[PDB]
Amino acid sequence: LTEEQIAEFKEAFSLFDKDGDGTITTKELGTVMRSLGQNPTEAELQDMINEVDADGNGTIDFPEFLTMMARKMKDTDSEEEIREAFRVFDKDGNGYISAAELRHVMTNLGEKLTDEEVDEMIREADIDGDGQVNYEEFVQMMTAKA
Amino acid sequence: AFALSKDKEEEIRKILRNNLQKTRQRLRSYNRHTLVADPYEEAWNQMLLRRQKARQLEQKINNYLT
Ligand SMILES: [Ca+2]
Ligand SMILES: [Ca+2]
Ligand SMILES: [Ca+2]
Ligand SMILES: [Ca+2]
């Protein structure tokens with residue numbers, strides 16, 4: 001990051017850390033969300049802290065806040081990259097990737113496919129059963145950590 | 001005498017995998033169209049907004065009489 005970039009994080013962080021102690025508590029998180037019309041229970045807010053609380057000491061320090069913000073940004077950038085790829089792969093722009101189009105993608109990426117392979121790729125990724133790959137289906141094929 | 005054949009097992013796999021994929025599709029949609037605000041996105045947006053507003057004001061002045 002750069003100096004302005006860290007400034008943005010500090011300030012975002014300060015929106016939560018009113019007492020300036022350099023960590024954010026369940027009480028403070030609760031406070032921020034109360035200003036959004038939601039009413040989280042103390043057992044609720046604890047789970048939210050839990051999701052960010054890497055070292056597990058009950059509060060969220062600044063470096064922990066960083067890591068999880070960088071990860072929300074990475075997910076944003078990934079969705080953007082997935083939309084750009086879909087747009088390139090769906091050459092006729094009809095909103096669906098077809099067999100022919102996937103064959104072309106795969107040929108462009110260095111692979112040598114049979115039709116039975118293309119059909120089994122499409123079939124495993126095909127959620128609504130229409131025999132082509134829409135955007136939501138492509139998202140799951142791109143984000144499979146399996 | 002009766003077990004699921006490998007063929008049968010594969011059939012089950014497809015149905016459940018398909019169930020899972022619709023689930024993942026629902027979760028992504030609950031997420032973009034929810035009304036419960038993410039306090040991190042919100043804080044960051046409130047910080048971004050105030051920063052742009054302060055850069056625009058300095059910019060109007062810097063352009064004032066040119
Ligand atoms: Ca604090
Ligand atoms: Ca901590
Ligand atoms: Ca197409
Ligand atoms: Ca489909």
# chains A, B, ... in the order shown; residues from 1 in each chain; ligands from 1
>>> closest_atom_pairs(of="chain A", to="ligand 4", cutoff="7 Å", atoms="only C-alpha atoms and all ligand atoms", output="tab-separated table")
residue	atom	partner	partner_atom_place_in_ligand_line	distance
A:126	CA	ligand 4	1 (Ca)	4.3
A:127	CA	ligand 4	1 (Ca)	5.3
A:128	CA	ligand 4	1 (Ca)	4.9
A:129	CA	ligand 4	1 (Ca)	5.2
A:130	CA	ligand 4	1 (Ca)	4.6
A:131	CA	ligand 4	1 (Ca)	5.4
A:132	CA	ligand 4	1 (Ca)	4.5
A:133	CA	ligand 4	1 (Ca)	4.4
A:134	CA	ligand 4	1 (Ca)	5.4
A:137	CA	ligand 4	1 (Ca)	6.6
>>> interface_residues(of="chain A", to="chain B", cutoff="9 Å", atoms="only C-alpha atoms", output="PyMOL selection string")
chain A and resi 8-9+11-13+15-16+29+32-33+36-38+69+72+124-128+136-137+140
>>> residues_near_ligand(ligand="ligand 1", cutoff="7 Å", atoms="only C-alpha atoms and all ligand atoms", output="ChimeraX atom specification")
/A:17-25,28
>>> residues_near_ligand(ligand="ligand 3", cutoff="6 Å", atoms="only C-alpha atoms and all ligand atoms", output="PyMOL selection string")
chain A and resi 90-98
>>> write_last_selection(atoms="N, CA and C atoms", output="short mmCIF file (atom, residue, chain, number, x, y, z; two decimals), in the first residue's frame")
data_model
loop_
_atom_site.label_atom_id
_atom_site.label_comp_id
_atom_site.auth_asym_id
_atom_site.auth_seq_id
_atom_site.Cartn_x
_atom_site.Cartn_y
_atom_site.Cartn_z
N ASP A 90 -17.89 -15.27 -24.11
CA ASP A 90 -19.19 -15.20 -24.78
C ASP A 90 -19.08 -14.26 -26.00
N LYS A 91 -18.53 -14.78 -27.10
CA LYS A 91 -18.18 -13.96 -28.26
C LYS A 91 -19.37 -13.30 -28.95
N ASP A 92 -20.48 -14.01 -29.12
CA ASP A 92 -21.64 -13.38 -29.74
C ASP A 92 -22.41 -12.50 -28.76
N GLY A 93 -21.99 -12.43 -27.50
CA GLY A 93 -22.68 -11.59 -26.54
C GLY A 93 -24.12 -11.99 -26.18
N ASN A 94 -24.54 -13.24 -26.41
CA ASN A 94 -25.93 -13.57 -26.09
C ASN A 94 -26.16 -13.85 -24.61
N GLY A 95 -25.10 -13.80 -23.80
CA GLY A 95 -25.18 -14.04 -22.36
C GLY A 95 -25.00 -15.49 -21.94
N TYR A 96 -24.67 -16.35 -22.91
CA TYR A 96 -24.47 -17.77 -22.69
C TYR A 96 -23.17 -18.21 -23.36
N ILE A 97 -22.35 -19.05 -22.71
CA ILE A 97 -21.19 -19.63 -23.37
C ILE A 97 -21.62 -20.98 -23.91
N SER A 98 -21.40 -21.18 -25.19
CA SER A 98 -21.84 -22.39 -25.86
C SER A 98 -20.65 -23.37 -25.93
#
>>> atom_distance(atom1="CA of residue 89 in chain A", atom2="CA of residue 73 in chain A")
24.3 Å
>>> residues_near_ligand(ligand="ligand 2", cutoff="10 Å", atoms="only C-alpha atoms and all ligand atoms", output="PyMOL selection string")
chain A and resi 23-25+49-50+52-65
>>> write_last_selection(atoms="N, CA, C and O atoms", output="PDB file, in the first residue's frame")
ATOM      1  N   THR A  23      -7.812  -0.850  18.837  1.00  0.00           N
ATOM      2  CA  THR A  23      -8.529  -2.097  18.573  1.00  0.00           C
ATOM      3  C   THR A  23     -10.023  -1.809  18.489  1.00  0.00           C
ATOM      4  O   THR A  23     -10.475  -0.789  18.980  1.00  0.00           O
ATOM      5  N   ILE A  24     -10.793  -2.686  17.853  1.00  0.00           N
ATOM      6  CA  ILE A  24     -12.239  -2.509  17.885  1.00  0.00           C
ATOM      7  C   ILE A  24     -12.955  -3.626  18.638  1.00  0.00           C
ATOM      8  O   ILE A  24     -12.755  -4.816  18.377  1.00  0.00           O
ATOM      9  N   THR A  25     -13.798  -3.207  19.572  1.00  0.00           N
ATOM     10  CA  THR A  25     -14.479  -4.100  20.492  1.00  0.00           C
ATOM     11  C   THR A  25     -15.842  -4.509  19.937  1.00  0.00           C
ATOM     12  O   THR A  25     -16.315  -3.941  18.951  1.00  0.00           O
ATOM     13  N   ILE A  49     -17.027 -10.159  15.097  1.00  0.00           N
ATOM     14  CA  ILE A  49     -15.657  -9.986  15.572  1.00  0.00           C
ATOM     15  C   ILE A  49     -14.876 -11.253  15.277  1.00  0.00           C
ATOM     16  O   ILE A  49     -13.758 -11.200  14.770  1.00  0.00           O
ATOM     17  N   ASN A  50     -15.490 -12.388  15.595  1.00  0.00           N
ATOM     18  CA  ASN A  50     -14.891 -13.702  15.395  1.00  0.00           C
ATOM     19  C   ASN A  50     -14.410 -13.916  13.961  1.00  0.00           C
ATOM     20  O   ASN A  50     -13.330 -14.463  13.736  1.00  0.00           O
ATOM     21  N   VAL A  52     -13.286 -11.820  11.887  1.00  0.00           N
ATOM     22  CA  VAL A  52     -12.136 -10.983  11.546  1.00  0.00           C
ATOM     23  C   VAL A  52     -10.950 -11.174  12.502  1.00  0.00           C
ATOM     24  O   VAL A  52      -9.806 -10.863  12.161  1.00  0.00           O
ATOM     25  N   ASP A  53     -11.247 -11.697  13.690  1.00  0.00           N
ATOM     26  CA  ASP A  53     -10.312 -11.779  14.815  1.00  0.00           C
ATOM     27  C   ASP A  53      -9.263 -12.884  14.685  1.00  0.00           C
ATOM     28  O   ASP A  53      -9.307 -13.879  15.414  1.00  0.00           O
ATOM     29  N   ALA A  54      -8.305 -12.684  13.780  1.00  0.00           N
ATOM     30  CA  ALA A  54      -7.236 -13.655  13.510  1.00  0.00           C
ATOM     31  C   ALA A  54      -6.528 -14.269  14.747  1.00  0.00           C
ATOM     32  O   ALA A  54      -6.489 -15.494  14.892  1.00  0.00           O
ATOM     33  N   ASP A  55      -5.944 -13.451  15.621  1.00  0.00           N
ATOM     34  CA  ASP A  55      -5.229 -14.024  16.777  1.00  0.00           C
ATOM     35  C   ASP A  55      -6.151 -14.588  17.881  1.00  0.00           C
ATOM     36  O   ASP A  55      -5.696 -15.304  18.783  1.00  0.00           O
ATOM     37  N   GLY A  56      -7.440 -14.260  17.803  1.00  0.00           N
ATOM     38  CA  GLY A  56      -8.441 -14.823  18.699  1.00  0.00           C
ATOM     39  C   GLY A  56      -8.486 -14.249  20.108  1.00  0.00           C
ATOM     40  O   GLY A  56      -9.007 -14.896  21.016  1.00  0.00           O
ATOM     41  N   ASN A  57      -7.952 -13.042  20.292  1.00  0.00           N
ATOM     42  CA  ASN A  57      -7.940 -12.381  21.602  1.00  0.00           C
ATOM     43  C   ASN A  57      -9.196 -11.552  21.891  1.00  0.00           C
ATOM     44  O   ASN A  57      -9.212 -10.742  22.821  1.00  0.00           O
ATOM     45  N   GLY A  58     -10.232 -11.724  21.073  1.00  0.00           N
ATOM     46  CA  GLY A  58     -11.512 -11.083  21.328  1.00  0.00           C
ATOM     47  C   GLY A  58     -11.787  -9.741  20.660  1.00  0.00           C
ATOM     48  O   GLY A  58     -12.949  -9.360  20.509  1.00  0.00           O
ATOM     49  N   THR A  59     -10.742  -9.013  20.275  1.00  0.00           N
ATOM     50  CA  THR A  59     -10.919  -7.724  19.598  1.00  0.00           C
ATOM     51  C   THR A  59     -10.241  -7.719  18.219  1.00  0.00           C
ATOM     52  O   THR A  59      -9.517  -8.649  17.878  1.00  0.00           O
ATOM     53  N   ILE A  60     -10.507  -6.692  17.418  1.00  0.00           N
ATOM     54  CA  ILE A  60      -9.920  -6.586  16.086  1.00  0.00           C
ATOM     55  C   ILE A  60      -8.894  -5.460  16.074  1.00  0.00           C
ATOM     56  O   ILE A  60      -9.252  -4.293  16.218  1.00  0.00           O
ATOM     57  N   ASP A  61      -7.618  -5.795  15.922  1.00  0.00           N
ATOM     58  CA  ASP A  61      -6.600  -4.754  15.827  1.00  0.00           C
ATOM     59  C   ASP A  61      -6.464  -4.268  14.387  1.00  0.00           C
ATOM     60  O   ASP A  61      -7.127  -4.785  13.480  1.00  0.00           O
ATOM     61  N   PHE A  62      -5.619  -3.269  14.172  1.00  0.00           N
ATOM     62  CA  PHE A  62      -5.563  -2.651  12.859  1.00  0.00           C
ATOM     63  C   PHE A  62      -5.050  -3.582  11.751  1.00  0.00           C
ATOM     64  O   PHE A  62      -5.646  -3.639  10.681  1.00  0.00           O
ATOM     65  N   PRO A  63      -3.944  -4.305  11.998  1.00  0.00           N
ATOM     66  CA  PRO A  63      -3.440  -5.253  10.991  1.00  0.00           C
ATOM     67  C   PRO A  63      -4.483  -6.311  10.600  1.00  0.00           C
ATOM     68  O   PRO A  63      -4.531  -6.731   9.437  1.00  0.00           O
ATOM     69  N   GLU A  64      -5.309  -6.735  11.554  1.00  0.00           N
ATOM     70  CA  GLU A  64      -6.400  -7.665  11.253  1.00  0.00           C
ATOM     71  C   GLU A  64      -7.473  -7.027  10.372  1.00  0.00           C
ATOM     72  O   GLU A  64      -8.021  -7.666   9.463  1.00  0.00           O
ATOM     73  N   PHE A  65      -7.771  -5.767  10.662  1.00  0.00           N
ATOM     74  CA  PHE A  65      -8.692  -4.968   9.860  1.00  0.00           C
ATOM     75  C   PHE A  65      -8.188  -4.835   8.416  1.00  0.00           C
ATOM     76  O   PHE A  65      -8.950  -4.971   7.463  1.00  0.00           O
TER      77      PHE A  65
END
>>> select_by_dssp(residues="chain A", states="alpha helix (DSSP H)", output="number ranges by chain")
A: 3-16, 26-34, 42-52, 62-89, 99-108, 115-125, 135-143
>>> residues_around(residues="residue 40 in chain A", least_positions_apart="5", cutoff="10 Å", atoms="only C-alpha atoms", output="number ranges by chain")
A: 29-31, 33-34, 45-46, 48
>>> write_last_selection(atoms="N, CA and C atoms", output="mmCIF file, in the first residue's frame")
data_model
loop_
_atom_site.group_PDB
_atom_site.id
_atom_site.type_symbol
_atom_site.label_atom_id
_atom_site.label_comp_id
_atom_site.auth_asym_id
_atom_site.auth_seq_id
_atom_site.Cartn_x
_atom_site.Cartn_y
_atom_site.Cartn_z
ATOM 1 N N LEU A 29 -18.398 -2.280 17.625
ATOM 2 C CA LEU A 29 -18.998 -2.837 16.423
ATOM 3 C C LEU A 29 -20.519 -2.764 16.530
ATOM 4 N N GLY A 30 -21.037 -3.127 17.701
ATOM 5 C CA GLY A 30 -22.461 -3.042 17.962
ATOM 6 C C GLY A 30 -22.967 -1.636 17.735
ATOM 7 N N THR A 31 -22.200 -0.665 18.218
ATOM 8 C CA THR A 31 -22.542 0.747 18.088
ATOM 9 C C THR A 31 -22.670 1.181 16.633
ATOM 10 N N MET A 33 -23.247 -0.628 14.008
ATOM 11 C CA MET A 33 -24.393 -1.281 13.377
ATOM 12 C C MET A 33 -25.738 -0.758 13.890
ATOM 13 N N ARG A 34 -25.774 -0.332 15.150
ATOM 14 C CA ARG A 34 -26.969 0.301 15.694
ATOM 15 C C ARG A 34 -27.293 1.575 14.917
ATOM 16 N N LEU A 45 -22.806 -9.932 17.544
ATOM 17 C CA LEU A 45 -21.636 -9.087 17.325
ATOM 18 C C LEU A 45 -20.333 -9.809 17.636
ATOM 19 N N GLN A 46 -20.398 -10.774 18.545
ATOM 20 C CA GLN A 46 -19.221 -11.540 18.914
ATOM 21 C C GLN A 46 -18.761 -12.420 17.757
ATOM 22 N N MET A 48 -19.303 -11.736 14.532
ATOM 23 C CA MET A 48 -18.763 -10.837 13.524
ATOM 24 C C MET A 48 -17.297 -10.526 13.841
#
>>> select_by_dssp(residues="range 80-142 of chain A", states="strand (DSSP E or B)", output="PyMOL selection string")
chain A and resi 96-97+133-134
